[PDB]
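Note that the sequence shown covers residues 45 to 364, 379 to 400 in the UniProt record's numbering. To start, the structure itself, in structure tokens.
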Amino acid sequence: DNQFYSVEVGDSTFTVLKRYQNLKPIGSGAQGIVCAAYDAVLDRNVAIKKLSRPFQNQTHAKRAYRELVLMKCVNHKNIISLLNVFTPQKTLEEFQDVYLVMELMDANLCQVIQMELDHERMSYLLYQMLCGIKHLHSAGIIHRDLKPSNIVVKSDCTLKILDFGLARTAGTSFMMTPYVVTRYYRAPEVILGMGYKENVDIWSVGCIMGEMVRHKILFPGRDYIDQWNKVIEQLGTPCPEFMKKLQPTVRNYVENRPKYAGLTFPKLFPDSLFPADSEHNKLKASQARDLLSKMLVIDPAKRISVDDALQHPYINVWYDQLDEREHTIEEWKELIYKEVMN
Ligand SMILES: Cc1cc(NC(=O)c2cccc(-n3cc(NC(=O)Nc4ccccc4Cl)cn3)c2)ccn1
């Protein structure tokens, strides 16, 4: 009689439409609170994400709203597409939770990165990331925060980007919740507050690709201080022309850091990290190292574009505005509610 039922999945209560059966937590890789379930109507397995009081603060509200709007005007095989959106609450006054429903995947990209993958698999995952990223840019979305934990994969190696990245406006306001933001995949133009173009996302692809090879986060650190140190110790101090594009205060800090020549790409990614069993693999290792050297480039003006990355020999084998202004709790609640109601 009631269209919904509630079930305990870990520490969270999931109140879902009765079509969704056998809820099981994914736990990792995901994210917020995400369940696997059987959709009896579509006779297919789904993933269900619960957004708990998304209007509770400015940060959760901006992201919930922006992603609800974009998950509607984006249509691509390598970008999340929603099967359903619902709230168990009947009125705006009663409104609390948003549930998002998508195709159930098999792993997040962090798990895949931990595997010893062949060149076929590595090049195929990278091509899809580049394809999804190309789609976003054509829609006028520049991600800026692409990271493995918001990327999921199926057993057949098909890939999907689950989020839309950083807000147009800022400045990444505090989060009074026990969770940390992963910043290791952010481009120098993001680390140093610089201004950017489409290829800001190429750096993130390079960090993901390097980690697949190395099996260690390329640029770790407590925050941006430590992180920038990791970037300059490995790639070398950037050229004077890149530094003439930084804000005065940021420029001062960067130029006053000790100088590093930077390790060469064969030293940053030796042959021993790649299969050396055949001629086919010897060429694929040199092609992968060449693409890494074009992607992990501090200056964006000298960094490879999405289109040129797609045409790169390691990759091309696979070729076949509203509303970020300040709002109160009540305003965000209504804006989110009407998008949930469409
Ligand atoms: C055949 C099979 C596969 C299983 N899959 C996993 O265990 C697994 C592991 C890791 C990840 C995933 N995954 C995570 C997502 N979605 C989201 O993370 N978020 C999200 C969700 C809904 C709407 C919107 C968003 Cl953003 C999708 N699949 C599944 C489990 C059991 N059986």
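A virtual CB, placed ideally from N, CA and C, is assigned to each residue, including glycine.
Check: Anticipated Cβ contact below 8 Å, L170 with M115, distance rounded; Outcome: In fact, because the Cβ distance is near 24 Å, the residues do not count as touching under 8 Å.
Check: Contiguous beta strand (DSSP E) assignments of at least 3 residues, all confined to the stretch 311 to 353; Outcome: none
Check: Where the beta strand (DSSP E) through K396 begins and ends; Outcome: From DSSP, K396 is part of no beta strand (DSSP E) but of the alpha helix (DSSP H) over 387 to 399.
Check: Among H163, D141, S96, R347, the one whose alpha carbon lies nearest that of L317; Outcome: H163
Check: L312 and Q278 closer than 8 Å at C-beta; Outcome: yes
Check: Any non-hydrogen atom of ligand 1 closer than 7 Å to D87 Cβ; Outcome: no
Check: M256 to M166 span [Cα, whole Å]; Outcome: 8 Å
Check: Terminal residues of the alpha helix (DSSP H) in which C154 lies; Outcome: 153 to 157
Check: Buried/exposed call for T226, threshold 16 Cβ in 10 Å; Outcome: exposed
Check: Boundaries of the beta strand (DSSP E) in which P69 is found, first to last residue; Outcome: 64 to 69
Check: Cβ neighbour criterion (16 or more within 10 Å) applied to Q172; Outcome: buried
Check: Buried versus exposed, by CB contacts within 10 Å (16 or more), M146; Outcome: buried
Check: Three-way DSSP call (helix, strand, coil) for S72 in this model; Outcome: coil
Check: Residues near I205 by beta carbon distance below 8 Å, same chain, minus five either side; Outcome: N122, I123, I124, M173, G176, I177, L180, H187, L190, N194, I195
Check: Option in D351, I348, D321, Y358 with minimal Cα separation from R333; Outcome: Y358
Check: Those runs of the alpha helix (DSSP H) which lie wholly inside the stretch 278 to 312 and span at least 4 residues; Outcome: 284 to 287, 292 to 299, 309 to 312
Check: Where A231 falls, given that 16 or more other Cβ within 10 Å makes a residue buried; Outcome: buried
Check: Near ligand 1: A105 beta-carbon under 7 Å from a heavy atom; Outcome: no
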